[PDB]
Amino acid sequence: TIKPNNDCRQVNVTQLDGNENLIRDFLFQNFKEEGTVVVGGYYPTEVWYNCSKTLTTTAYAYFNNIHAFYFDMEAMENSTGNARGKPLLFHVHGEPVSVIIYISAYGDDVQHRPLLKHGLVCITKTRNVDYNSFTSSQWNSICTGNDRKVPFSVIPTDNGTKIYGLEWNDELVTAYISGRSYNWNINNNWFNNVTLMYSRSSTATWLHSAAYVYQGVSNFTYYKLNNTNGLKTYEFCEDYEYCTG
Ligand SMILES: *[C@@H]1O[C@H](CO[C@@H]2O[C@@H](C)[C@@H](O)[C@@H](O)[C@@H]2O)[C@@H](O[C@@H]2O[C@H](CO)[C@@H](O)[C@H](O)[C@H]2NC(C)=O)[C@H](O)[C@H]1NC(C)=O
Ligand SMILES: *[C@@H]1O[C@H](CO[C@@H]2O[C@@H](C)[C@@H](O)[C@@H](O)[C@@H]2O)[C@@H](O[C@@H]2O[C@H](CO)[C@@H](O)[C@H](O)[C@H]2NC(C)=O)[C@H](O)[C@H]1NC(C)=O
Ligand SMILES: *[C@@H]1O[C@H](CO)[C@@H](O[C@@H]2O[C@H](CO)[C@@H](O)[C@H](O)[C@H]2NC(C)=O)[C@H](O)[C@H]1NC(C)=O
Ligand SMILES: *[C@@H]1O[C@H](CO)[C@@H](O[C@@H]2O[C@H](CO)[C@@H](O)[C@H](O)[C@H]2NC(C)=O)[C@H](O)[C@H]1NC(C)=O
Ligand SMILES: *[C@@H]1O[C@H](CO)[C@@H](O[C@@H]2O[C@H](CO)[C@@H](O)[C@H](O)[C@H]2NC(C)=O)[C@H](O)[C@H]1NC(C)=O
Ligand SMILES: *[C@@H]1O[C@H](CO)[C@@H](O[C@@H]2O[C@H](CO)[C@@H](O)[C@H](O)[C@H]2NC(C)=O)[C@H](O)[C@H]1NC(C)=O
Ligand SMILES: *[C@@H]1O[C@H](CO)[C@@H](O)[C@H](O)[C@H]1NC(C)=O
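For the sequence shown, my numbering gives the first residue as 723, with consecutive numbering after it.
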C-alpha cells in the first residue's frame with residue numbers, strides 16, 4: 723500500500739515488546755459470545771512498516787488506495803505520571819474537508835497545550851497544508867482560523883498495548899482508541915490516500931525519534947475467531963473458501 727521508499731522496512735508487529743495481544747484484542751472487540759465466527763473487514767495483518775531516518779531531514783511516506791489506517795506506539799516514559807510522548811503526523815485527504823492527526827512529544831512543559839493531552843485533530847478545508855509550519859509553531863497557533871481544533875488524550879496508562887486506528891467511507895468516520903470506537907457522521911469525498919510525516923528535526927513540539935509502526939489496509943480480510951471457555955484464538959484466512967468451505 724505504501725509507495726516504494728528505502729527508509730521503510732517491514733516488521734512483525736506482534737513480536738515487538740508489549741504487542742503480544744495487540745491484534746487479538748482488536749478482533750474480539752465486538753464478538754463477545756462463545757463459539758466461532760468468520761469476520762470480514764478492513765482489519766490489520768501481521769506485517770507492518772517502520773519508517774525511520776538517522777538524519778534530521780523532513781521525510782514523508784505515502785499510502786494509496788487504502789480504506790483504513792492503523793498505528794501502534796511504544797510505551798511512554800512515566801506513563802502513570804507526567805508521561806512524555808513521541809511525535810507523529812498524518813493527513814487523510816478528501817474534499818471539501820480533510821483531517822490531520824498530530825501527536826506531539828514531551829509532557830507538561832509544552833505551553834498552552836492541555837495537561838495529559840498529546841493528541842490533536844484538525845478538521846480543515848485548506849487545500850495545501852504547510853507541514854513545516856504545522857510542526858514547528860507554538861501549539862496555541864497551529865489549527866486556527868476556520869479550522870476545527872479538537873484536543874484529545876491518548877491513554878498513556880495503556881503502555882502502547884492497544885491499537886490506534888481510523889476508518890472512513892463517504893458517510894461515516896470511525897476512530898479506534900484504547901478498546902473503544904467513536905463514530906462521526908459526515909458527508910465527504912475521501913480520496914483514499916494518506917500522507918505521513920515520520921521524521922523531522924526537533925522543535926517545540928517534535929522530538930527526533932522512531933517509536934511508531936503503521937499499516938494501511940486496502941483489501942477485505944477474513945479472520946476466523948474462536949472463543950472456547952474464555953480462551954480467544956484467531957486465524958487469518960488466506961481465502962474465505964478454505965476456512966468456511
Ligand atoms: C516475521 O516472522 C516470520 C516467522 O517468525 C516465526 O514465527 C513467529 C511466531 C516467532 O516464533 C518467530 O520467532 C519465528 O521465527 C519470519 O520468517 C522466518 O524467517 C527466518 C529467518 O529468515 C527463517 O529461518 C524462517 O524459516 C522464517 N519463518 C517462516 C515461517 O517463514 C519473518 O522473517 C518475519 N518477518 C519480518 C521480520 O518482516
Ligand atoms: C513522573 O510524573 C510524576 C507525576 O507528575 C505529576 O502528575 C502528572 C499527571 C502531571 O500533572 C505533572 O505535572 C505532575 O507533577 C512526577 O511526580 C511529581 O513531580 C512533581 C515535580 O514538581 C511534584 O511536584 C509532584 O508532587 C510529583 N507527584 C507525585 C510524586 O505524585 C515525577 O517526578 C515524574 N518522574 C520523572 C519525570 O522521572
Ligand atoms: C503500564 O505500565 C505501568 C508501569 O510499568 C504499570 O504501572 C504499574 O502497575 C503495577 C500493577 O501491575 C503497580 O504495582 C505498579 O506500582 C505500577 N508502576 C508504577 C506506577 O510505576 C501499569 O499497570 C501498566 N498498565 C497496563 C499494563 O495496562
Ligand atoms: C490522493 O488522491 C487524489 C485523488 O485521486 C489525488 O488528487 C489528484 O492528484 C492528481 C495528481 O497530482 C491531480 O492531477 C488531480 O487533479 C487530483 N485530483 C483531485 C484533487 O481531485 C491526490 O494527489 C492524491 N494524493 C497523494 C498524496 O497521492
Ligand atoms: C524502527 O527501526 C529503527 C531502526 O531502523 C529503530 O531505531 C533504532 O533503535 C536501535 C536500538 O535502540 C538503535 O541502535 C538505532 O540507532 C535506532 N535507529 C534510529 C534511526 O533511531 C526503531 O526502534 C524502530 N522502531 C520501532 C520498533 O518502533
Ligand atoms: C476452538 O478451540 C478449541 C480449543 O483449541 C477447540 O476445542 C478443542 O478441539 C479439539 C479437537 O476438535 C479437542 O480435542 C479438544 O478437546 C477441544 N478442547 C476443548 C477445551 O473443548 C475447538 O475445536 C475450536 N473450535 C473450532 C470451531 O475449531
Ligand atoms: C488486493 O486485492 C486485489 C483485488 O483486485 C488484488 O489484485 C491485490 O493483489 C490484493 N493485494 C494484496 C496485497 O493482497
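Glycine included, every Cβ here is placed at the ideal spot set by N, Cα and C.
- At a threshold of 6 Å, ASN881 counts as near ligand 3, since its beta carbon sits closer than that to one of the ligand's heavy atoms.
- Beta bridge pairing from DSSP links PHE812 with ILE823, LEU918.
- According to the DSSP assignment, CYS959 belongs to the beta strand (DSSP E) that extends over 953–959.
- Secondary-structure assignment with DSSP links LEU888 through a beta bridge to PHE791, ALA897.
- According to the DSSP assignment, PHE785 belongs to the beta strand (DSSP E) that extends over 781–786.
- In the DSSP annotation of this structure, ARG835 is not part of any beta strand (DSSP E), being labelled neither H nor E.
- In terms of CA proximity to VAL876, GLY887 leads the group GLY887, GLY867, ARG870, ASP869.
- By DSSP's assignment, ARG870 forms a beta bridge with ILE845.
- Leaving aside the five residues that flank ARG731 on each side, the residues in its chain whose CB is nearer than 6 Å to its CB run, in chain order, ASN772.
- Contact between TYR782 and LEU947 is absent: CB atoms are separated by about 36 Å, not below the 8 Å threshold.
- The beta carbons of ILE745 and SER940 sit no closer together than 7 Å.
- Nearest C-alpha to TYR784 among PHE942, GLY938, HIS840, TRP770: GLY938.
- Proximity to ligand 1 was defined by a C-beta distance below 5 Å to any of its heavy atoms, and the residues meeting it, in sequence along the chain, are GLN732, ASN734.
- Per the Cβ contact rule, the region 878–895 is not in contact with the region 860–867 (fewer than 3 Cβ pairs under 8 Å).
- If you look at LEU947, you'll find it in the beta strand (DSSP E) that goes 943–950.
- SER820 and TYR920 have their C-alpha atoms some 19 Å from each other.
- With 16 or more other Cβ atoms from the protein chains shown falling within 10 Å of its own Cβ, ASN910 counts as buried.
- Exclusion of the five residues before and after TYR828 leaves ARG806, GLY807, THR927, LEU929 as the residues of its chain whose Cβ lies within less than 8 Å of its Cβ.
- Just so you know, the alpha carbons of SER931 and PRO836 end up roughly 23 Å apart.
- Exclusion of the five residues before and after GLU889 leaves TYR764, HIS789, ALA790, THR896 as the residues of its chain whose Cβ lies within less than 7 Å of its Cβ.
- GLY901 has its alpha-carbon roughly 31 Å from the corresponding atom of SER924.
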